[PDB]
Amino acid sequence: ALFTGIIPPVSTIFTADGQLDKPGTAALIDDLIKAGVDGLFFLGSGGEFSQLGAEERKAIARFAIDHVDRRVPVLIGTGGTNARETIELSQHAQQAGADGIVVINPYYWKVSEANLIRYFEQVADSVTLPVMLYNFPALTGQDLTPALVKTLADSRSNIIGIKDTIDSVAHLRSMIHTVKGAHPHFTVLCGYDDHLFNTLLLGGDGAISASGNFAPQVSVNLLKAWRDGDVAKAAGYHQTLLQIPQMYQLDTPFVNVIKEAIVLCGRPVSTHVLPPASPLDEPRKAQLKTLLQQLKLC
């Protein structure tokens, strides 16, 4: 029930000096809302939270929540390694008017299970907002297993969902059976574009995926088709989404690629990104372009 459907992890647009580009972030927000998304997620991996300072993250969230102005539910990513900062950023998000926070597990130290449960319990106790967990074991080095997530949802009634970013049908399936089986309204969202369709067929709730920035219409139409019972139309959109993640191989981090994609699909924003990411080179931008053209996305 909370935060279901298509919720893009919005890119943060920066100027050439690495300050928040308010007109470009605002235009991107407005494109997304006009495309019919179900909510917006700021300061996720795509939004570059890990390359920003805490004061910067507060300013971005505040701007973003204000610009959205309640048109769609807003989530703010408040996680990191500094747990005291995670509480600060989460309390700031609630005060600023966000609808929910998304909290990754600490990704430097892989803390013991007892420390990890305590960390999420404390973060959840610091706010009255709904809390979405964030699994990204390829970057964190520490999986949030279905059993662990179930124990968290048993322990705190404001822990109401998960963004599960993993290329694994078994992990999504098992997350759904174990957690939604005990908690029917717990939300399961996949973090990869090419798992949206399977997520839905498995009993999950939608996606928070990078292609939400530059082709939201494909995910939004997939979901609308699926909700209407037109499974073949849904499967047609899925065939596009199956191919999209090729582009993510172009660079790592690929936050540059997603911005270059937003431009190519018709929204001229500054593509600047924060170190240690770097501008995409021209030959790879052309490769991105041919991929987008083959998929009829620009």
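In case it trips you up, residue 1 is the first one in the sequence shown, and so on.
Here the stretch with the larger average CA B-factor, out of 274 to 282 and 12 to 20, is 12 to 20.
Of the two segments, 179 to 187 and 75 to 83, the one listed with the higher mean B-factor is 179 to 187 (C-alpha atoms only). When the Cα B-factors of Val257, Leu264, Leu52, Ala59 are read from the PDB record, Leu264 comes out highest. In the PDB entry, a CA B factor belonging to the highest third of its chain's modelled residues is recorded for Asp228. In this PDB entry, the Cα temperature factor of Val220 sits in the middle third of its chain's modelled residues. Annotation for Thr252: CA B-factor lies in the middle third of the chain's modelled residues. In the deposited entry, the Cα temperature factor of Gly39 sits in the middle third of values across the chain's modelled residues. When the CA B factors of the chain's modelled residues are split into thirds, the value for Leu148 lands in the middle one.
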